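For reference, the chain that follows is the form deposited in one PDB entry, supplied as structure tokens.
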């Protein structure tokens, strides 16, 4: 008779009903919208170790929910394989990802956010954020990641808009795809020749051209790569914003001394924890966890939020306090699955929020609390429309 909660309490996030299911059914049973039964974990350490158990992988029956489906045995998406197929992709790509690398694009991520703003304020209007800033950056961040060039960014921003979201036609969606990959291969072939030092560059030269880089396979992952970031951060940005945006104290601290958003972005990431439902893992075996053991071959997701607001982790978890000692959160992943992406997802996230309140201080909502609208369509969380001016 059981369900998994939207909730989201709204305001801000996210625990919903979980307070009860955190203290008590620490592993309670709950139906998925597909009415397949499965298991759900809500206590910080439960959520984490559970996550990096030896025996927990992704694959065939019976995980997640998307109507549909344990089908397909869609190949790849390697973000739902266990090892040794999944690892050889994950690692195929880490060396690129890293930090020494990620803090490097510090000037180009800055650059880009700045140039996108240049227009924000130039076409003026009381405009929607999510669509306008929020997405804009996100994509373009990832452009800067994959070496995507000059301003064939709308060559790009477009097959994103189309391909990804709401309504097609299937053919004319499938047509979007056509470009994205005309684009990619464009590049995939181009960096074989004059290889720059970006993500196609990394994947092509080191791995591709001499390894099990099979140009079937690249585009695949480059696919799975863009799909990491467009929706998930855009999410974390425009929500993070709306938080700040309606609770002035928060900008406050962040202005007295702007050496914060780092701590802030970690803190928001935790507290917003929009990444909630990680995959879901089928339990490889029976597994002890606060003793209630999870049956061999069952569905078990790990609620990132539930865990992110567990007091066993850190005191007073609702409070968006920025000067916490202790916030080894995991709005990102835990264990060999964890968000490879997140080093970006931080520069994405600070340069984005940072500047919003540098260059455009107190913009405000065009809309009203009572017509702001939160997306809920993917499990990764976000907002449909956010409406502002300055």
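Numbering follows the first chain given and starts at 1. C-alpha atoms forming the largest set that superposes within 1.5 Å between two forms make up the rigid core.
Below, we refer to the form deposited in another entry, which is not included among the displayed structures.
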>> Which residue of 201, 163, 221, 241 is the mover here, meaning its C-alpha shifts by 2 Å or more between this form and the one not shown once both are aligned on the rigid core?
In response: 163
> For residue 72, is the C-alpha shift between this form and the one not shown 2 Å or more after core superposition?
Replying inline: yes
> For residue 117, is the CA shift between this form and the one not shown at least 2 Å following rigid-core superposition?
Replying inline: no
> Once everything's superposed on the core, is residue 323 shifted 2 Å or more at the Cα between this form and the one not shown?
Replying inline: no
> Relative to what is shown, are the Cα atoms of residue 139 and residue 162 closer or farther apart in the other entry, where the gap shifts by 3 Å or more?
Replying inline: closer
> Is the CA-CA spacing of residue 159 and residue 120 tighter or wider in the other entry than here, given a 3 Å or more change?
Replying inline: closer
